[PDB]
Amino acid sequence: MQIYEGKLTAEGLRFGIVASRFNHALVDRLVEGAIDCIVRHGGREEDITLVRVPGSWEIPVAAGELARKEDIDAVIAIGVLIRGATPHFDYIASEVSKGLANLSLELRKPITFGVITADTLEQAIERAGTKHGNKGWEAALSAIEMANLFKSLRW
Amino acid sequence: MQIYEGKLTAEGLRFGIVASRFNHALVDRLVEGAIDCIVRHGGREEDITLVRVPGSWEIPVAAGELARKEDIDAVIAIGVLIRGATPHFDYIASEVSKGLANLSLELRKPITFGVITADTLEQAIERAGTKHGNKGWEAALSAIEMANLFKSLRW
Amino acid sequence: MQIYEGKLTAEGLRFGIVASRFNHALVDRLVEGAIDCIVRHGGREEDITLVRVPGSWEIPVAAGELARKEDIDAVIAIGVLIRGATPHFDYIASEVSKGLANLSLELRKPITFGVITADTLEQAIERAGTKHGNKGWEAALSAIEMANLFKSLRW
Amino acid sequence: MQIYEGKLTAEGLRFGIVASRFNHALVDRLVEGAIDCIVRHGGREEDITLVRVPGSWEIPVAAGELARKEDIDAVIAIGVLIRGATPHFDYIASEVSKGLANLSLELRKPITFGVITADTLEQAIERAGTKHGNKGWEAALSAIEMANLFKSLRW
Amino acid sequence: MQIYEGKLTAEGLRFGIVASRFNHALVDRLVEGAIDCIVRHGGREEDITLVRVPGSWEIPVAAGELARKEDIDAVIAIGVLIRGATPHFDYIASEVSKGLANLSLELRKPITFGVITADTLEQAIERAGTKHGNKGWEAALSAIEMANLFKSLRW
Amino acid sequence: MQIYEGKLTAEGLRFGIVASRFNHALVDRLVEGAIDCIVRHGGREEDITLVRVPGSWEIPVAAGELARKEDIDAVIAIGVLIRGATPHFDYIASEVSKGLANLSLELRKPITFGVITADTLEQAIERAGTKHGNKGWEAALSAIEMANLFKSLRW
Amino acid sequence: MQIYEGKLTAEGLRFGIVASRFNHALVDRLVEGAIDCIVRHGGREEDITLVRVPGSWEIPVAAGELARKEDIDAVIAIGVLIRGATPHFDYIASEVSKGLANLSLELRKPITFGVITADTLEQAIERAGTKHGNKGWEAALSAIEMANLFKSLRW
């Protein structure tokens with residue numbers, strides 16, 4: 001059986017992060033998590049490009065610019081959506097997930113989904129570096145594993 | 001680390017607004033908010049193009065015409081959907097969000113989502129320049145930040 | 001400020017695993033998790049020593065034999081305790097935690113605590129490679145980080 | 001991968017049993033279970049030493065005398081604690097578990113925990129050779145497996 | 001099978017009693033019980049040493065002085081703890097049980113636990129020479145049996 | 001009367017911090033608190049050594065390495081434990097408190113306990129630099145006072 | 001960025017305390033806290049001036065006399081108001097807070113607010129050196145930090 005799997009060494013890999021500014025008190029924790037993950041897996045901080053966008057809505061069109069760069073191995077898309085009073089949350093979370101998902105297929109490139117989609121502020125705090133982990137850290141770790149996997153499937 | 005971020009100066013930027021006419025008592029407040037935001041951030045009012053369309057359904061096909069113009073840096077899409085008696089609201093809000101989201105990826109251009117999707121008239125009044133802000137103002141401010149970011153990612 | 005931290009590369013590190021046989025349907029998943037973690041972080045499988053013991057009670061006296069080996073950098077102690085009808089669970093979980101904790105101080109060596117202490121079978125299934133992760137994987141990852149940290153604090 | 005595990009043959013192994021006299025109607029069943037297990041796994045009954053102590057409190061200081069004997073391969077500590085009216089049970093079960101646990105680490109020798117710690121008399125009857133097995137039999141079987149494991153880790 | 005057990009003759013045995021002064025209305029009954037037990041089993045009253053300490057907290061450090069005497073065969077530690085309004089009871093009962101338990105292992109000498117740990121005054125009265133016996137009498141009887149057992153295990 | 005007390009000047013004192021990485025969104029606030037406290041009491045930031053460990057479990061074995069350094073006056077041990085679904089929290093909080101407590105006695109050196117042990121995430125947020133203070137700040141301040149006290153008791 | 005902050009060394013600083021006599025059983029604890037704080041931060045007790053006034057009402061007119069002294073660096077205003085049966089508490093707490101607040105602006109001098117304003121006696125006991133700290137200690141520590149800050153802003 002041919003088995004392809006990605007190792008978790010980030011040496012030589014070059015990453016893009018697109019992180020939204022809305023809910024920055026939490027998104028700042030997720031971006032810390034993502035960069036920590038890359039650096040402690042052997043990535044260089046100088047091989048990370050961080051793009052800040054005003055909100056989750058803007059993440060896919062910015063991810064599209066980064067993912068089109070030849071020298072980016074994977075993109076980590078980071079944000080925090082918290083459900084409010086209106087149905088707005090439903091529409092943003094629907095479109096950001098679909099947009100990133102489509103780009104990843106179109107450009108044949110890993111784009112990881114480190115976007116918290118929380119019903120409550122408490123849930124969001126749990127997943128941005130407290131008792132349910134850091135989904136920025138998890139998204140970066142997926143991107144490291146996917147970048148290597150792609151490396152090994154091409155050659 | 002390479003950091004790309006958009007400043008909030010609108011000097012030299014050229015904007016399209018597409019605003020629906022349904023619920024105009026509120027949409028008029030959102031368009032006021034968007035233009036105020038551009039002008040007080042250093043944009044010229046003569047560098048704004050405003051397109052009026054009959055409803056939220058019509059916003060993406062009109063945004064598509066504006067976003068294809070070489071001399072438009074970002075498009076701000078503005079409307080008000082208020083849930084009624086039938087499931088109609090669900091289908092319009094689904095399609096307008098998907099349509100704008102797709103265009104923004106396809107044409108590689110910021111299209112901001114200043115469309116209120118409110119369960120109630122009271123909620124819509126709150127978000128069209130009363131106690132929960134003006135999402136026309138917020139959408140314009142996202143468009144200013146995204147236009148500059150794109151400027152800096154191309155060069 | 002002097003900062004010491006452990007990287008997550010397992011290259012050149014040599015690990016002991018002590019895993020209990022009681023609840024083996026779950027412990028087998030935790031040991032899979034631990035070995036996967038070591039190997040995908042750059043450890044060699046031939047640099048892992050696995051010791052099987054009959055139950056959680058027996059883990060500390062076996063961990064003590066492995067941790068006394070000069071050529072073991074860290075020990076990963078793995079088991080599953082599930083609360084039953086009697087107070088027995090309380091006493092085993094108390095003694096295994098205290099025993100491992102004491103050894104780690106006495107022998108000045110990382111011994112990680114990959115022992116699930118679950119009130120219910122459902123909780124144990126969640127933490128042995130389903131919806132709350134794999135604490136074998138987490139324990140191994142702590143051991144990789146602690147082995148390196150110790151490396152850097154000695155020299 | 002180096003794998004160390006203990007087989008279940010008791011040939012040539014020499015065992016100590018320390019069994020308390022309180023609750024002897026049940027402890028007698030556990031000691032029967034322990035001796036049956038050793039003999040049917042190929043141990044000689046003449047290679048078993050049985051020490052009787054007045055209660056569970058006295059088991060660790062007696063286990064300490066047996067475990068210090070060069071010609072004892074493992075010690076099986078057996079008793080029955082049943083919760084009564086006062087908090088006494090909590091303190092005895094806490095100290096007997098801690099005492100045995102410490103000795104096993106200190107003397108680097110298997111000491112198995114065949115001590116029932118039951119909330120009710122019915123629970124104790126279940127675990128002393130009726131519908132939930134015999135924890136004397138289980139403790140002896142752990143001691144056989146641990147004695148062999150230690151054999152294989154030393155040489 | 002080698003069987004070691006302690007007979008209940010106290011002839012020639014030399015005992016230490018450490019008894020606390022708090023709750024002396026009951027502790028006086030337990031010390032009476034302990035001395036009666038030794039004397040009616042053939043011990044001489046002149047071969048008993050009684051040490052009084054102010055409370056249960058002080059029993060282990062005093063038991064430590066008695067147990068270090070070459071001419072003391074066993075120590076009987078006696079007191080009464082009755083749960084009050086505060087969590088204090090929990091901490092004293094925890095430390096006195098652990099302290100005595102540790103000494104007995106360290107000095108390789110029987111130290112029996114005749115300390116009542118009662119939720120209520122009524123429970124304490126029951127166990128200090130009324131309807132649930134005398135735990136001073138029981139503690140002395142354990143000490144007689146353990147002293148002899150140790151006699152027979154050394155030679 | 002001889003009175004020994006520690007002043008709160010940190011001039012010339014050299015500190016170790018051991019801080020866990022689990023719950024880093026809060027632990028980062030506690031470490032900020034600890035360093036702020038040292039620096040504003042007259043400590044030099046270059047006389048602080050910070051050791052990061054993967055979790056609270058790992059804090060005592062790392063604190064043991066720092067506290068054995070001749071040039072460390074006190075160690076500040078920092079983490080956040082938040083009770084979850086299983087009894088795991090009980091066992092980690094029990095062992096980290098016991099481990100640090102033992103080291104401090106063994107090495108005759110202040111090791112302060114800045115470990116939050118919270119039933120809820122809200123409680124943990126309160127004690128990591130909001131409405132119930134910063135226990136990192138408090139732990140550092142204890143370490144400053146204890147380091148000086150030790151200074152004055154030796155000479 | 002220019003950053004001004006006050007260190008917590010009290011060396012060379014000269015303090016006024018104004019403390020009310022009503023509720024003196026608690027206010028005596030707050031004044032102890034304030035003086036302890038100054039002295040253990042390196043202040044001389046001979047550089048403290050303590051003014052006693054009959055009640056909280058009288059604190060601002062007395063603070064005004066102390067704050068007008070050239071040789072006072074900060075004033076610490078201390079009292080205890082406990083809500084009673086009538087609306088009197090509301091009016092005293094309103095006027096003492098406003099009076100001190102105004103003086104501090106008028107004379108351009110730190111006046112710290114160590115006045116407990118408790119609904120209940122139990123709350124007041126908590127904040128005058130039991131489980132919620134000592135607000136005399138906290139007020140003094142604010143005064144030390146503010147005196148230094150003012151030092152650094154003038155030169």
# chains A, B, ... in the order shown; residues from 1 in each chain; ligands from 1

call {"tool": "residues_around", "arguments": {"residues": "residue 111 in chain A", "least_positions_apart": "6", "cutoff": "7 Å", "atoms": "only C-alpha atoms", "output": "PyMOL selection string"}}
result
chain A and resi 74-77+100+104

call {"tool": "write_last_selection", "arguments": {"atoms": "N, CA and C atoms", "output": "PDB file, in the first residue's frame"}}
result
ATOM      1  N   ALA A  74       1.489  27.190   2.545  1.00  0.00           N
ATOM      2  CA  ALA A  74       0.127  27.059   3.037  1.00  0.00           C
ATOM      3  C   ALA A  74      -0.338  28.381   3.611  1.00  0.00           C
ATOM      4  N   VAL A  75      -1.666  28.566   3.670  1.00  0.00           N
ATOM      5  CA  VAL A  75      -2.274  29.750   4.257  1.00  0.00           C
ATOM      6  C   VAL A  75      -3.105  29.321   5.467  1.00  0.00           C
ATOM      7  N   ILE A  76      -3.014  30.076   6.571  1.00  0.00           N
ATOM      8  CA  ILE A  76      -3.752  29.807   7.794  1.00  0.00           C
ATOM      9  C   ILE A  76      -4.735  30.956   7.959  1.00  0.00           C
ATOM     10  N   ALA A  77      -6.041  30.699   7.899  1.00  0.00           N
ATOM     11  CA  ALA A  77      -7.026  31.774   7.931  1.00  0.00           C
ATOM     12  C   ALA A  77      -7.638  31.791   9.323  1.00  0.00           C
ATOM     13  N   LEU A 100     -13.074  30.171   1.443  1.00  0.00           N
ATOM     14  CA  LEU A 100     -11.800  29.523   1.726  1.00  0.00           C
ATOM     15  C   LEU A 100     -11.792  28.120   1.136  1.00  0.00           C
ATOM     16  N   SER A 104      -9.145  26.794  -1.886  1.00  0.00           N
ATOM     17  CA  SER A 104      -8.199  25.737  -1.603  1.00  0.00           C
ATOM     18  C   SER A 104      -8.236  24.719  -2.748  1.00  0.00           C
TER      19      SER A 104
END

call {"tool": "closest_atom_pairs", "arguments": {"of": "chain A", "to": "chain F", "cutoff": "7 Å", "atoms": "only C-alpha atoms", "output": "CSV"}}
result
residue,atom,partner,partner_atom,distance
A:29,CA,F:25,CA,6.4
A:129,CA,F:25,CA,4.9
A:130,CA,F:23,CA,4.1
A:131,CA,F:23,CA,6.0

call {"tool": "select_by_dssp", "arguments": {"residues": "range 49-95 of chain F", "states": "strand (DSSP E)", "output": "MDAnalysis selection string"}}
result
chainID F and resid 49:53 74:82

call {"tool": "select_by_dssp", "arguments": {"residues": "chain C", "states": "alpha helix (DSSP H)", "output": "ChimeraX atom specification"}}
result
/C:24-40,59-67,88-107,121-127,135-154

call {"tool": "residues_around", "arguments": {"residues": "residue 11 in chain D", "least_positions_apart": "5", "cutoff": "10 Å", "atoms": "only C-alpha atoms", "output": "count of residues only"}}
result
9

call {"tool": "atom_distance", "arguments": {"atom1": "CA of residue 154 in chain D", "atom2": "CA of residue 37 in chain D"}}
result
24.8 Å

call {"tool": "residues_around", "arguments": {"residues": "residue 93 in chain E", "least_positions_apart": "3", "cutoff": "12 Å", "atoms": "only C-alpha atoms", "output": "ChimeraX atom specification"}}
result
/D:87-92,94-95 /E:55-60,79-83,87-90,96-100,113,115-119

call {"tool": "closest_residue", "arguments": {"among": "A:69, A:40, A:132, A:7", "to": "residue 145 in chain C", "atoms": "only C-alpha atoms"}}
result
A:40

call {"tool": "residues_around", "arguments": {"residues": "residue 142 in chain G", "least_positions_apart": "3", "cutoff": "9 Å", "atoms": "only C-alpha atoms", "output": "list in words"}}
result
residues 8, 76, 110, 112, 137, 138, 139, 145, 146 and 147 of chain G
